[PDB]
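Don't worry about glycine lacking a Cβ; one is built from the backbone with ideal geometry, like all the others, and counts go over all protein chains shown. Each value in this text was obtained by applying a stated rule to the coordinates, not by laboratory testing.
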RNA sequence: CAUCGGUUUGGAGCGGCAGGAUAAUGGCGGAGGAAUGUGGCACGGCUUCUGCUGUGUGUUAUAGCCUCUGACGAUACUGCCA
RNA sequence: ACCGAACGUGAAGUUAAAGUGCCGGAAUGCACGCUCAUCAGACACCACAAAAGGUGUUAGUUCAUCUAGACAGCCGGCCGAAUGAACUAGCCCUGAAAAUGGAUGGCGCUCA
RNA sequence: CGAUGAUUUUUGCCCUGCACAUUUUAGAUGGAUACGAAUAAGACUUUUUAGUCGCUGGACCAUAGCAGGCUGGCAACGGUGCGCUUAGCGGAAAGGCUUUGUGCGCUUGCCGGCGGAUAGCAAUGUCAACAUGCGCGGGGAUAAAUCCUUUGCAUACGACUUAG
Ligand SMILES: [Mg+2]
Ligand SMILES: [Mg+2]
Ligand SMILES: [Mg+2]
Ligand SMILES: [Mg+2]
Ligand SMILES: [Mg+2]
Ligand SMILES: [Mg+2]
Ligand SMILES: [Mg+2]
Ligand SMILES: [Mg+2]
Ligand SMILES: [Mg+2]
Ligand SMILES: [Mg+2]
Ligand SMILES: [Mg+2]
């Protein structure tokens, strides 16, 4: 009862980019404990939440969310590409996201 | 093109920047290296430059053309009334250098050294070191505790001493307070001496 | 692969640039890293070779004003810090925050002397260098180029290792007593079931 | 070429006990004990019996194989240092100025004091290494005997004494003065 | 490369003068049959007045190893070009397949002589039946009786970036 | 005596049992080079492999001639009963326990926690009185 | 969320068919042979012959291996599956 | 000005040339070797280095001596098994000296 | 970057126990889980002969209960949280690590009884540590610096050394 987590910990690592040009429409996400594309393919299609705090209350809450989804793997070390409704702000590079266990296929 | 002729540089690059000293009291950058086997003794003293004079002296320098012959020499007089010991500081060796751990003061400080801590002494209530003087109330166990801390942890012990500037002809009433490192003996020996 | 609150790396026996690159990517990705015992780090190549390299580094200074030029830090932690900062975009705000996520020390000062230090196998000298190659200890290179506090660190490291050995002897004794109690409570119904479950 | 395996065999005389643990050799004999660290070399040791020890290099290249017989020779020198000792004899060579060599003791330390070398007013002092004994030979005129269990220490004191007496600013083919090692043998 | 051994057979195009020209076979070590037929014409025009335009490829067949799980020693006779001249050499390789010995040879002359694939002619690959046929010591040292050797200083590959225990190299 | 500390390495020799892919057993039948060996086993394919791709186990199949064919290797493996010797070691037991743990379900993990609670109760009770 | 259509990236995917030296191997059988010669035998150095071991001999014995081959049976690889 | 590719405003997929330790998206990937530099080296155009040398190390070529005991060492013996010469070319080193401090782009890298 | 002196008789300041409300966050969401050293080596047992361990943390600890409610019993006399309390160690940046007794809870070690619905088939569905302010309560203390005049060890002016 000390733990209540139903999501996998993730991190916003980068945008999709070449050496000099970045593409904000695709985010690179590191899912915790995933080290290969085979592991990362479990999470394809899963929802992602970026939860953050804001100055103004909206309906009595100062907590806002940007929703996204895992679309494909990236590279060979288990990072995935994510697609959020609104692009994650660049300040969130290194910020933690939540990888939801739904849509479930277990 | 090169210089037509060579000449040495004017002045020393080892005394830069040629700026004003941060304080008028010269500070001992380095103290003599400590030898434990020697007796406990001070390594510095504060005085006041009075003036210059002339002496006559018989030279003892074999092989010199002035050997056993009178020489006339300039000399400097430094007025040095006795200094008063009022405190002790313990220093600890750290991977970042010496660090002062604790400063223990005497119960009574004279007015000339308590004026050191004031810019406007005449307008003050002269409250300096009054609560600290109260720390010596009938057992001085706070003082003994700090002294034990210095004995236990300090590697370099320096005393706090001030000049008795009222014994000089100077009109200044602020004493000059300085740290003088104690060399010789163990750390406990140094703390007991202070 | 877990996200840790702080990763404390024991820097002994680690190759400088390989540890630097791994730590750089860690702090860029939002991980707080502390590196202790930077005086025990290693650089491949003989000591004389690395000392010559550091003197090449010392040669470089702003001609018109030496106070503007590169600032050659002599401490082992600062040598590691220079290696990392060269691998970080330190002139951006993001790189500055990433560098705020990092701490480097000589020795193991508090509070890290009573915490867990890990190693990084991809940067370990004993696992990376061919067993005959020559290497340098950054503590000796630092002393050879101006670092003043080698003997203070080793005096404090010997004191720390004596205290940590008293710790370990106590922990081993309580581990022996707990193991004897688990042996006593073995072959019980719960133990047999946990053995059928793999525990 | 990466030679698959190379071996050398130490031979241990009857009264000598070699003792190896983590490339730290401790040789014990009638004459004392000697120790040597070999942690800078990758070699392995096998005790064949009480009289033989195998020293092995596995999959070693040319230089790493070369470092094997030197390990053998160093341990053998330790063995003969603790069972026979080492003795280097030095002869005093001078054309005009006699070399005045004394065994002095200053500050609790032994020194070899060379005076009048080529007439110089300078006094040369050589520290005597621990475990090394100096003696002015009685049976021979102008001879110094350097003896001890460690061959390295004995030869290095002898070399120090020889090197401190070098001639400067002269034709050293003509000015042959100095103190030279004439005999390298054993005490027994 | 990753190679196969091919039997390539070819001939001059028949003429009314010569209606059955002689059939010539070559053993070619090539990654595929396109390079096998290219190398065939490359060596035939070094050895005969023939071209691909005036010739004909008759057969291309893979030659599989006879005993792919029998350890052998091969001697390979080579003709390679250096930066300065042309040299003949003979080298030896240990392997279970003839193709894998030729692959090792190509890596070895790339490493020791900077000789590229284009600069090498394989004159001959022969399996050395007798232990006395082995001339080179770097392969003769593996033909000794009761050969044993350890593998000191084992480096274990980790899946994680950080390890909580001290590294070891026993094995 | 001399008292020389000797290495306890595992040797590359004919008869060494090795793990392949951390799953299957095999034995060395002939040495190719410093880097390559020929391995064979009842449940593996006879192949030339690199020693980096395998792990030497502390087990030797005794009296295996160099270059033995598959029939000989299988017969001697069955005679020496290498499978039981492997399965009796702590290494194989740890591999088996890892597999068994990986096959647990959520309900079984819950039961594991409950049984661990019971055993911890008993263990603390024994420790406090001894 | 479901189902569809268009585009597309995948799975430790599963099955069927074909080709090749109608794979080469391997396993089984037969014939021949050798050595980095197993047992045995004859000499030895250390072993209460305690994986004892070294050197000679010779050819399966108390291990085996190589070559050729006979009838089967697979697999790899490359293609095809509307 | 070279390589790739030529351009309306977008979404998804895949590539070219170039890359994948960090700066930087992508492997501290799999593999066979070579090299240790008290000025290593590091990628076309292109931003340099030669002749000549080295018992550094590697691999080759051709001669010659070899169990009818080769070379070395103690006086034919003695352990026993390889040895000598010339030559070829890989990497490394010498050759290799310029003026503000400084550039394989930087950090740094040595079974890379 | 450290040590140390003094810190406003103002309703201002310091320390402290709560209660409430706020702003910020380079980014809590069970636990940063403490020998040292070698690596051609370590650690067990006998014997220094030999056997055994590792071959990754896919570990260890913790983990059940309206984000965890209300009650009952059994077995043990243990485990754990909080509050006083005893003693010791730790100065590298110690600010933490142990420890005595006591009290109040809980205990999922085992067995019970009652409650959760409707938030509607998901919407972070809001649960943390740091800080500040504000109300109370309890303790505690009761300054200086600058301008100005002066000095001349100083000085273009600032600044500096003095004195008042
Ligand atoms: Mg000039
Ligand atoms: Mg001269
Ligand atoms: Mg002259
Ligand atoms: Mg569809
Ligand atoms: Mg067949
Ligand atoms: Mg072109
Ligand atoms: Mg990257
Ligand atoms: Mg040349
Ligand atoms: Mg050469
Ligand atoms: Mg050069
Ligand atoms: Mg570049």
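Worth a mention:
- Criterion violated by residue F:55 - all others in (1) without any contact (Cβ under 8 Å) to a residue 60 or more places away in the chain; (2) outside any strand (DSSP E or B) satisfied: (2)
- The residue of region C:177-193 that is farthest from the other protein chains (Cβ to nearest Cβ), among those that are assigned to a loop (DSSP other than H, G, I, E, B) and surrounded by fewer than 16 Cβ atoms within 10 Å (Cβ to Cβ), is C:187.
- Residues that are touching a helix residue (DSSP H, G or I) at 6+ places or on another chain (Cβ under 9 Å) and closer than 15 Å to residue D:176 by Cβ, drawn from region D:78-94: D:90, D:94
- Elements of the type helices (runs of 4 or more DSSP H) sitting completely within region B:79-194 and holding at least 2 residues that are buried (at least 19 other Cβ atoms within 10 Å of the Cβ): these cover B:111-114, B:141-153, B:187-193.
- Entry remark, region D:103-116: residues being free of Cβ contacts under 8 Å to residues at least 60 places away in the same chain and surrounded by 14 or more Cβ atoms within 10 Å (Cβ to Cβ) number 7 in total.
- Residues being under 22 Å from residue D:165 (Cα atoms) and assigned to a strand (DSSP E or B) - total across region D:74-116: 21
- Every pair of residues 6+ apart whose Cβ atoms lie under 6 Å, when the first sits in region B:1-17 and is over 23 Å from residue C:66 (Cα atoms) while the second is in a loop (DSSP other than H, G, I, E, B) and more than 16 Å from RNA strand H (Cβ to nearest atom): none
- Any hit, region E:56-68, residues being closer than 28 Å to residue F:32 by Cβ and touching a helix residue (DSSP H, G or I) at 6+ places or on another chain (Cβ under 7 Å): yes
- Options B:99, B:25: the member that is under 25 Å from residue B:172 (Cβ atoms) and within 12 Å of RNA strand I (Cβ to nearest atom): B:25
- Entry remark, region F:86-130: residues being more than 10 Å from chain C (Cβ to nearest Cβ) and either free of Cβ contacts under 8 Å to residues at least 60 places away in the same chain or surrounded by fewer than 13 Cβ atoms within 10 Å (Cβ to Cβ) (or both) number 12 in total.
- Residues (within 13 Å of another protein chain (Cβ to nearest Cβ), surrounded by 18 or more Cβ atoms within 10 Å (Cβ to Cβ) and either outside any strand (DSSP E or B) or touching a residue at least 60 places away in the same chain (Cβ under 8 Å) (or both)) located in region A:19-36: A:29, A:31, A:34
- Residue within region E:82-105 that is within 15 Å of residue E:28 (Cα to Cα), assigned to a helix (DSSP H, G or I) and within 10 Å of RNA strand H (Cβ to nearest atom) present: yes
- Considering residues of region B:1-22 that are more than 14 Å from chain C (Cβ to nearest Cβ) and within 16 Å of RNA strand I (Cβ to nearest atom) only, the residue farthest from the chain's Cα centre (by Cα): B:18
- Test: residue in region D:49-64 that is farther than 30 Å from residue E:138 by Cα, at the interface with chain F (Cβ under 10 Å from one of its Cβ atoms), within 16 Å of RNA strand G (Cβ to nearest atom) and in a strand (DSSP E or B): yes
The rows are residues; the columns are (1) more than 17 Å from residue E:148 (Cα to Cα); (2) buried (at least 18 other Cβ atoms within 10 Å of the Cβ).
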position: F:25; (1), (2): yes, yes
position: F:43; (1), (2): yes, no
position: F:65; (1), (2): no, no
position: F:71; (1), (2): yes, no
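- Top-ranked residue of region E:142-154 - restricted to ones that are surrounded by 15 or more Cβ atoms within 10 Å (Cβ to Cβ) and more than 29 Å from the chain's Cα centre (by Cα), ranked as farthest from the other protein chains (Cβ to nearest Cβ): E:154
- Options D:178, D:148, D:185; residue that is under 30 Å from residue D:10 (Cα atoms) and surrounded by 14 or more Cβ atoms within 10 Å (Cβ to Cβ): D:148
- Count - residues of region C:97-132 that are touching a helix residue (DSSP H, G or I) at 6+ places or on another chain (Cβ under 8 Å) and within 14 Å of chain E (Cβ to nearest Cβ): 7
- Any chance residue C:17 is within 9 Å of RNA strand H (Cβ to nearest atom) and more than 10 Å from the chain's Cα centre (by Cα): yes
- With respect to the conditions (1) within 14 Å of chain F (Cβ to nearest Cβ); (2) crowded, with 18+ Cβ neighbours inside 10 Å; (3) not in a helix (DSSP H, G or I), residue C:136 falls short on a single one, namely (1).
- Yes/no for residue E:125 being surrounded by 14 or more Cβ atoms within 10 Å (Cβ to Cβ), in contact with a strand residue (DSSP E or B) (Cβ under 7 Å, 6 or more places away or on another chain) and not in a strand (DSSP E or B): no
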